[PDB]
Amino acid sequence: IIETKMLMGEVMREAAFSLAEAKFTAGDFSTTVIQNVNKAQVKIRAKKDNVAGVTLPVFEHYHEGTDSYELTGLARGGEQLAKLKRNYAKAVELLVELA
Amino acid sequence: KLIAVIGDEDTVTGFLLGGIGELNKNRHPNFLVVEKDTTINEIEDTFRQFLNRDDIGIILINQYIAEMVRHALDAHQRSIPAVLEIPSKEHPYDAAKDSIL
Amino acid sequence: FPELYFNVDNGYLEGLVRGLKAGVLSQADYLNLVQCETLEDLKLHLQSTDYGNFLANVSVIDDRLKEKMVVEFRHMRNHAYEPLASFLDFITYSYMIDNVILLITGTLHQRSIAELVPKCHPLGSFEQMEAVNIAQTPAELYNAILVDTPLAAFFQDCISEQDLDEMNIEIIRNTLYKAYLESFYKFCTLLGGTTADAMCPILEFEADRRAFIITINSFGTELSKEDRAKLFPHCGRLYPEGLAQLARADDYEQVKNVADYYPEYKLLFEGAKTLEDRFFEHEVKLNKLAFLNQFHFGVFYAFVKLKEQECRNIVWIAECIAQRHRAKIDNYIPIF
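Residues numbered from 1 in each chain as written, not as in the entry; some residues may be left out. Chains lettered and ligands numbered in written order. Part of a larger assembly, values for the part shown. Heavy atoms only, no water.

In the PDB header, cryo-EM is given as the technique by which the entry was determined, and 3.79 Å as its resolution.

1. A short note on unusual backbone geometry
The linkage connecting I80(B) with the following residue, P81(B), adopts the cis geometry, with an omega of 5°. The topology assignment puts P81(B) in the loop between α4 (70-73) and β3 (82-86). Non-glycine residue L74(A) carries a positive phi angle of around 75°. Assignment of secondary structure puts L74(A) in the loop between β2 (54-63) and α3 (84-98). (Helix = DSSP H or I, 4+ residues; strand = E, 2+ residues; numbered from the N terminus.)

2. Section: the packing of aromatic side chains
A complete count under the given rule lists 26 aromatic pairs over all chains for this structure. Aromatic side chains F87(C) and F297(C) sit 6.2 Å apart centroid to centroid with 40° between the ring planes, which places their arrangement in the tilted category. You can call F87(C) buried: its relative accessible area is 0%. For the ring pair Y93(C) and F154(C), a centre distance of 5.6 Å and an interplane angle of 65° mean the geometry is edge-to-face. Pair noted here: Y93(C) is in helix α5 (residues 85-108) and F154(C) is in the loop between α7 (143-146) and α8 (171-190), with a separation of 61 residues, a long-range link. With a relative accessible area of 5%, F154(C) lands in the buried category. Cluster of aromatic residues (ring-pair linked, three or more members): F6(C), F87(C), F90(C), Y93(C), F154(C), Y177(C), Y180(C), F184(C), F187(C), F295(C), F297(C) and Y301(C). Note that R45(A) overlies the ring of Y62(A), its terminal NZ or CZ placed 3.8 Å from the centroid. Above the ring of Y177(C), the side-chain terminus of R210(C) is found at 3.7 Å from the ring centroid. (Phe/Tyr/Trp six-rings, centres within 6.5 Å; stacked < 30°, edge-to-face > 60°. Buried < 20%, exposed > 50% of the residue type's maximum accessible area, 1.4 Å probe, protein only. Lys NZ or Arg CZ within 6 Å of the ring centre and 35° of its normal.)

This is the structure in C-alpha cells:
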C-alpha cells in the first residue's frame with residue numbers, strides 16, 4: 001500500500017499534466033464529456049482471494065461494452081485526447097488494483 | 001458493479017474519459033463534480049448516497065475534498081465499498097486511511 | 001479603387017484594432033513569464049503589460065483572461081455600421097455552433113436552461129432571441145424555436161427528424177461547420193479586393209485542417225468513408241482531388257502522401273512538437289500576414305484568432321508553473 005500510494009501520486013500528476021496537454025489545444029472538455037454518458041466502459045468483478053482460511057475480497061479489472069467518447073474533439077485535438085484516455089485508462093488500471 | 005468518483009472538476013473529466021461513468025436516470029448519477037460553490041452537505045449526502053448503493057465498488061475522492069468529509073468516512077468502517085484518496089494538483093496524498101496503523 | 005472608401009465607415013475601428021494589436025505579448029514578454037515560479041509572480045509580470053490590474057479581485061486565470069477579449073470584441077461590434085457588422089457576426093457563428101450542440105444535449109437528456117449561462121462561451125451567446133430560453137421541449141419542438149437565430153441557414157443540411165439520436169453528437173457539429181465555412185467563404189468572395197486575398201488564404205488552410213484532422217481521427221471509429229467525405233469542407237486547396245484521396249485513406253501514411261502533393265502542407269507533417277502544434281504555428285503565420293494588408297476587413301478575424309492564442313499561452317505558462325512541470329514550458333506558440 002505504501003509503495004503504490006505514492007506511485008499513483010506520480011501517475012495522477014503525470015496524467016493530469018496531460019490535461020494541460022489537453023484542452024489548451026482543443027477547446028474545453030468540461031461540458032462535452034459530462035453530457036453524453038449513459039453506460040460504463042470499465043467495470044469491477046468481485047473475485048475471492050484466500051489467506052489462512054479467511055475469505056478475502058479482491059477487485060478485478062473489467063473493461064467491456066462500447067466507447068462513449070469515441071467521437072470527441074475530432075476536428076481540433078483528438079491526439080491530445082485519446083492519449084489522455086490512455087493516461088487515464090492506465091491510471092484506472094492501477095487504481096482498481098489498489099482498491 | 002461500477003466505479004464511483006467524487007474528485008473535483010479536473011478530476012472527474014479525466015475519469016469519465018477513462019470510462020467509469022454511468023448515468024442511472026432512475027436512481028442517480030454515479031459521479032459528482034464539486035465546484036468552488038458546492039456546500040459540504042452536498043458532498044456529505046452523496047457520500048452516503050454512494051455508500052448505500054449496492055453496485056458501487058470504489059468511491060474515488062480527492063483528499064483535498066475528502067478533508068472536510070473526513071468525519072463521515074471515518075465512520076465508514078466496512079470493507080466494501082472501498083474509499084480511495086487521490087492527489088489533487090494542490091496538496092497531494094499525505095495522511096488518509098493509513099492511520100489505522 | 002476599393003481603398004479610397006472604407007474610411008468613411010471603418011476608419012476609426014481599423015486604427016482601434018491596430019492599437020489592440022500592440023497589446024499582444026511579444027517574444028521578450030514571453031521570456032519573463034517563463035522565469036516566474038508561482039501564480040503570484042505570474043500576476044506581477046502581467047501587471048507590467050497591457051493586461052494590468054485585471055487580477056485585483058489557476059483556473060481563474062482561464063476565465064479572467066478570456067473575459068477581457070470578449071468585452072474588447074463586443075466593443076468593436078457596437079460601432080461597425082453595415083459592411084462589417086455582419087462580418088463580425090460571422091466570427092461569432094463558430095462560437096454559436098459550439099454553444100448550440102452543448103444545448104441540444106441537455107435538451108435531449110431533459111437538462112433545463114439553468115445550465116446555459118455559466119457553461120457557454122460569451123462570444124457566441126444567447127442574451128437576445130428569448131424563445132430559446134423557455135424551450136424545454138425534446139429537440140423537435142425546439143428546432144422550430146431554433147430557426148429564430150442566425151444559425152438558421154446552416155441548418156438546411158440538418159433535417160429535424162435526423163436530429164433525434166440517428167446522428168451522433170459530434171457529427172452534427174462538423175456538418176454545421178461544413179455549412180459555416182462554405183457561407184463565410186462565399187460572403188468573403190462577395191466582398192472583393194484586399195479582403196479577398198488576405199482572408200481567403202486563411203479560410204483555405206482552416207478548411208484543410210478540417211480535411212486532415214477529421215480523417216486522422218476517423219480510423220478506429222465506425223463512421224464509413226462516405227460520412228467523412230461529406231464532413232470535409234469543400235472550400236480549400238484540396239477540393240477536387242485531395243478530398244477524394246482522403247476518403248480512401250485508412251492509414252496514417254496514406255494521409256501523408258496526399259499531403260505531399262502540396263509543398264505547404266508537407267514540411268508540416270514533419271512533427272513526427274506534434275501535428276496540431278505544427279498546424280497552429282502555420283495558422284498564426286497566416287494571421288500575422290493578414291496584419292500586413294491595411295484597407296480590408298480581415299484584420300479583425302486575424303485579431304480574434306490571435307487573441308485566443310494569447311489566452312491559450314498564458315494558461316500553458318501557468319499550468320507548467322502551478323503543477324511545477326516546467327520542462328515542457330517552452331512548448332507555446334510565440335505569435336509575436
